[PDB]
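**Q** Once you've had a glance at the structure underneath, I'll fire off some questions.
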Amino acid sequence: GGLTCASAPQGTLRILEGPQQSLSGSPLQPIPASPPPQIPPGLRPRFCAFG
Amino acid sequence: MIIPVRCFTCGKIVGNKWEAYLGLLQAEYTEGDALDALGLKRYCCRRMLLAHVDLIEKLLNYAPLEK
Ligand SMILES: [Zn+2]
């Protein structure tokens with residue numbers, strides 16, 4: 001138990017978690033565009049001129 | 001608040017048509033067809049009943065006597 005000074009280390013291992021990327025890199029999934037306003041069907045001339 | 005007696009633009013009596021309008025809409029008419037079945041031909045008359053917000057039923061939930 002003299003606890004002498006040992007030599008300098010050769011290198012460094014570093015352990016850390018890696019993320020999973022099987023999900024991302026996929027084609028994007030955007031929010032679907034709301035439709036442009038379309039005229040309602042069944043619009044008729046309700047007003048007829050008097051006389 | 002309460003349905004106007006006359007239309008604002010022309011003086012057509014529209015105050016007697018509110019309960020008829022609600023009974024037509026509860027009988028599954030379109031709002032355009034329900035305004036046709038009341039004889040509201042000019043769109044001045046027709047917005048008076050189409051756009052009416054009836055605040056008196058909300059304003060009578062605070063009815064005081066509750067008795
Ligand atoms: Zn009118």
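Ordered as shown in the structure tokens, chains take letters A, B, and onward, while each chain numbers its residues from 1 and ligands are numbered from 1 in the order shown.
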For chain A, work out the contacting residues on chain B at 12 Å, counting only C-alpha atoms, and write them as a ChimeraX atom specification.

**A** /B:30,32-37,39-43,46

**Q** Each residue of chain B with at least one atom at most 6 Å from ligand 1 should appear once, together with its nearest atom pair and the corresponding distance in Å (one decimal); atoms considered: only C-alpha atoms and all ligand atoms; ordering: chain, then increasing residue number; output as a Markdown table.

**A**
```
| residue | atom | partner | partner_atom_place_in_ligand_line | distance |
| --- | --- | --- | --- | --- |
| B:7 | CA | ligand 1 | 1 (Zn) | 4.6 |
| B:9 | CA | ligand 1 | 1 (Zn) | 5.2 |
| B:10 | CA | ligand 1 | 1 (Zn) | 4.2 |
| B:12 | CA | ligand 1 | 1 (Zn) | 5.4 |
| B:44 | CA | ligand 1 | 1 (Zn) | 4.3 |
| B:45 | CA | ligand 1 | 1 (Zn) | 3.3 |
```

**Q** Limited to C-alpha atoms, could you put the picked residues into a file as a short mmCIF file (atom, residue, chain, number, x, y, z; two decimals), in the first residue's frame?

**A**
```cif
data_model
loop_
_atom_site.label_atom_id
_atom_site.label_comp_id
_atom_site.auth_asym_id
_atom_site.auth_seq_id
_atom_site.Cartn_x
_atom_site.Cartn_y
_atom_site.Cartn_z
CA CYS B 7 -86.94 45.04 -39.44
CA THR B 9 -84.28 48.72 -42.89
CA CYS B 10 -87.86 48.30 -44.07
CA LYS B 12 -91.64 44.65 -41.95
CA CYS B 44 -82.66 43.12 -44.92
CA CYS B 45 -85.56 41.20 -43.36
#
```

**Q** So that I can check the surroundings of residue 15 in chain B, please list as a list in words every protein, DNA and RNA residue that reaches within 6 Å of it, counting only C-alpha atoms and ignoring chain neighbours fewer than 6 positions away.

**A**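 Contacts, in chain order: residues 3, 4 and 5 of chain B.
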
**Q** Would you put the residues from that selection into a file with C-alpha atoms, as a PDB file, in the first residue's frame?

**A**
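In the end it all went to again.pdb:
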```pdb
ATOM      1  CA  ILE B   3     -86.386  39.828 -31.269  1.00  0.00           C
ATOM      2  CA  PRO B   4     -86.971  43.277 -32.805  1.00  0.00           C
ATOM      3  CA  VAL B   5     -90.551  44.174 -33.592  1.00  0.00           C
TER       4      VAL B   5
END
```

**Q** With only C-alpha atoms as the atoms that count, which of B:58, B:47, B:67, B:6 lies nearest to residue 31 in chain B?

**A**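 The closest residue to residue 31 in chain B is B:47.
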
**Q** For residue 11 in chain B, which residue out of B:61, B:25, B:38, B:48 is the nearest one, using only C-alpha atoms?

**A**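 Closest to residue 11 in chain B, using only C-alpha atoms: B:48.
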
**Q** Apply DSSP to the backbone of this structure and, from chain B, keep only the residues in helix (DSSP H, G or I); write these as a PyMOL selection string.

**A** chain B and resi 15-26+31-36+43-50+55-59

**Q** Neighbours of residue 56 in chain B within 12 Å (only C-alpha atoms; same-chain residues fewer than 6 positions away dropped), as a PDB file with C-alpha atoms, in the first residue's frame?

**A**
```
ATOM      1  CA  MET B   1     -81.662  40.729 -26.479  1.00  0.00           C
ATOM      2  CA  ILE B   2     -85.196  40.156 -27.664  1.00  0.00           C
ATOM      3  CA  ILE B   3     -86.386  39.828 -31.269  1.00  0.00           C
ATOM      4  CA  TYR B  62     -80.344  35.128 -13.247  1.00  0.00           C
ATOM      5  CA  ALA B  63     -84.098  35.431 -12.566  1.00  0.00           C
TER       6      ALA B  63
END
```
